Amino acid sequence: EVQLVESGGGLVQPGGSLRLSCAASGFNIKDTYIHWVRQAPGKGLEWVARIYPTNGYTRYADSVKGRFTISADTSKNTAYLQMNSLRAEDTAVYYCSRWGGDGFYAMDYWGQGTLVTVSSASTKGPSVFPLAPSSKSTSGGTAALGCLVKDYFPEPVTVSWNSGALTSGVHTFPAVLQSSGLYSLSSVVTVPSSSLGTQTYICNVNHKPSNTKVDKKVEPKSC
């Protein structure tokens, strides 16, 4: 079935250059147009460029025209987008997609996207900090605990609880860009107050950018 994958995104420094790629299965890109649509973080869907792999014709969005090159190689069934003089404005998730043509110029299949972050900022991984119960009051019924993932660059981090076995009442919030240009997030979990001491709560924090894998055991205190 019609599948479209994308790859090679990551942190680029401004003015750098990247090459995202898009590997089409289930169809021959030859007889279709291929489109690169992007989406900045928390904004809408921007079109960047299209290719007709067969006569190779292209069309670009003005924001992009001249700095970016969409090409396609039909023998590899892959299409490519070459980004040059990358501005911070180019930080977006990038989706390729196609126009079936037969019946419609709608964009029926799309890929999963790839995060391209354009920044001057060096990779830094998470310091992981416990958010512990019973800080004034011990009794209640349902207790809450979490882990505070602080100061990492770029996105993402992945928070799990007790190696994926505690999936209930787990709330990992949206990340927040700090004044510092670095991210933070909290992952929280609600549990019974009977179990505190009968059970270990441990969060697992994977920053794949810095190759960080922290495990913190969130356990209680008195004051």
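All residue numbers refer to positions in the sequence shown, first residue = 1.
- Task: Identify the stretch, either 35-43 or 157-165, whose C-alpha atoms have the larger mean B-factor according to the entry.
- Result: The entry gives the higher C-alpha B-factor average to 35-43.
- Message: Tell me which stretch has the larger mean Cα B-factor in this entry, 58-66 or 194-202.
- Response: So the stretch with the higher mean C-alpha B-factor is 194-202.
- Query: From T117, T123, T142, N77, can you pick the one with the highest C-alpha B factor in the entry?
  - Reply: Most elevated C-alpha B-factor of the set, per the entry: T142.
- Message: If I read the C-alpha B-factors straight from the PDB entry, which of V170, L177, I51, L185 is highest?
- Response: Result of the comparison over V170, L177, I51, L185: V170.
- Query: Among the modelled residues of its chain, does the C-alpha B-factor of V2 lie in the lowest, middle or highest third?
  - Reply: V2: CA B-factor falls in the middle third of its chain.
- Task: Would you mind checking where the Cα B-factor of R87 ranks among the modelled residues of its chain, as the lowest, middle or highest third?
- Result: It falls in the middle third of the chain.
- Item | Third assignment of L81 from its chain's C-alpha B-factors | Lowest third of the chain for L81's C-alpha B-factor.
- Message: Ranking the modelled residues of this chain by C-alpha B-factor as given in the entry, is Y109 in the lowest, middle or highest third?
- Response: As the PDB entry reports it, the C-alpha B-factor of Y109 lands in the middle third of its chain.
- By the record's CA B-factor, is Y152 among the lowest, middle or highest third of residues in the chain? Lowest third, going by the recorded CA B-factors of the chain.
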